[PDB]
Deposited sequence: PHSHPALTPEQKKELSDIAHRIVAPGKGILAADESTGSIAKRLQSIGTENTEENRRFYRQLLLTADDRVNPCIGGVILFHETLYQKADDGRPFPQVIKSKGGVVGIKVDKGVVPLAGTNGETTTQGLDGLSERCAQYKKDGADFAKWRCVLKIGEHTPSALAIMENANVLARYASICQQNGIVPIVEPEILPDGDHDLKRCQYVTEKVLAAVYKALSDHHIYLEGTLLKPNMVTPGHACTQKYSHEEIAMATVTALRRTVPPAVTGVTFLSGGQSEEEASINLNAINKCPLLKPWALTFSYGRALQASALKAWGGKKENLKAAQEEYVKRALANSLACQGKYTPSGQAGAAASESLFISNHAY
């Protein structure tokens, strides 16, 4: 009673490797209806199904310069079943440009009673049947987001254990259905903590994640990790260089992520488009041994400038697509250490 056959393992490993192939990263376009509404609101655009469709089309149909930059695209359920103006389903559009289609499958955070505002994430019910259908409809990987926060009593032992366990359940169900799970334990940058505190918490969270994945018999070669970079908190007064951020990030990963993991696809969080590229580039130039692909799974850091240039106006299509292409090319170079605009750990 092994969880997976050699054939199933090969399929998962091959998918995971395609997504993070050299020079490639992930466009994270899986904002739910409530979250994308706030993005559209920031440009005074109504949150209609058509406006959401057109915006996703804008990103997915950028010119072929993005093909070598984008190994995967994460979609929200609605977008997976939408079509471009030429009638092609968006999964077909993505594949025709050399991309793997991903689907976000979690159903949001819920409060953990007895904690200081901590959450876990729901979405396991009927997940297997959903994954089998998503697989039939063109998806080959999935995403599940857990959220943790650095504070006085947080993240607590309960929150670390519970989020690690539910990530492992999600990963197990995905792999039974031919879907590569992206494991996203995000530690929010909120607060005034410093770099080494983020590093400490990240190390503890990731140790818990991989012990849980082991307990649940997860095939690591058929997974990806989507962590926060190790950074000071948003309100931290002490300032750090990108090389220090890179060193703390790579050290934390080296202390917790088994080499069998196929790749690490960083979330951009609250970083600017340039900051996310500079940090990712510094991570890839960090002189330590890094036995996994180190690339991007960016939302805002790929979309910010495209969203503004668009402004909800059809005539700004080309201008908006150019901004996205410029960030896709930048981060493709960053994940190779080719982008130009220690014992203390």
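Stretches of the deposited sequence absent from the structure, as judged by C-alpha coordinates, are 1 to 3, 345 to 359.
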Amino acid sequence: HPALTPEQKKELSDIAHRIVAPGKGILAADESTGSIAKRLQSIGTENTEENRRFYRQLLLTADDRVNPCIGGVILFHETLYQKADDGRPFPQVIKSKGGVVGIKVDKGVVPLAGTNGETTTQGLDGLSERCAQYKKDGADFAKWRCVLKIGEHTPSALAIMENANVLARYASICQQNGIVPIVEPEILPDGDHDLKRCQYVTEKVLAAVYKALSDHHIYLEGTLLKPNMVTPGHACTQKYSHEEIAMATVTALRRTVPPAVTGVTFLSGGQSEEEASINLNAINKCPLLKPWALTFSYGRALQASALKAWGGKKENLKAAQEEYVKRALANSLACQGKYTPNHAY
From here on, numbers count along this sequence of modelled residues.
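Of the two stretches examined, 75 to 83 and 223 to 231, the record assigns the greater average C-alpha temperature factor to 75 to 83. Taking the mean C-alpha B-factor of each stretch as recorded, 234 to 242 and 93 to 101 are not equal, and the higher mean is that of 234 to 242. When the C-alpha B-factors of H153, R254, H217, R197 are ranked from the entry, the top spot goes to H153. Note on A293, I283, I26, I36: the highest value goes to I36, judged by CA B factor as recorded.
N177: CA B factor in the middle third of modelled residues in this chain (values from the PDB entry). For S268, the recorded CA temperature factor ranks within the highest third of the chain's modelled residues. In the PDB entry, a CA B factor belonging to the highest third of its chain's modelled residues is recorded for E274. Ranked by C-alpha B-factor against the other modelled residues of its chain, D137 falls in the middle third. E129: CA B factor in the middle third of modelled residues in this chain (values from the PDB entry).
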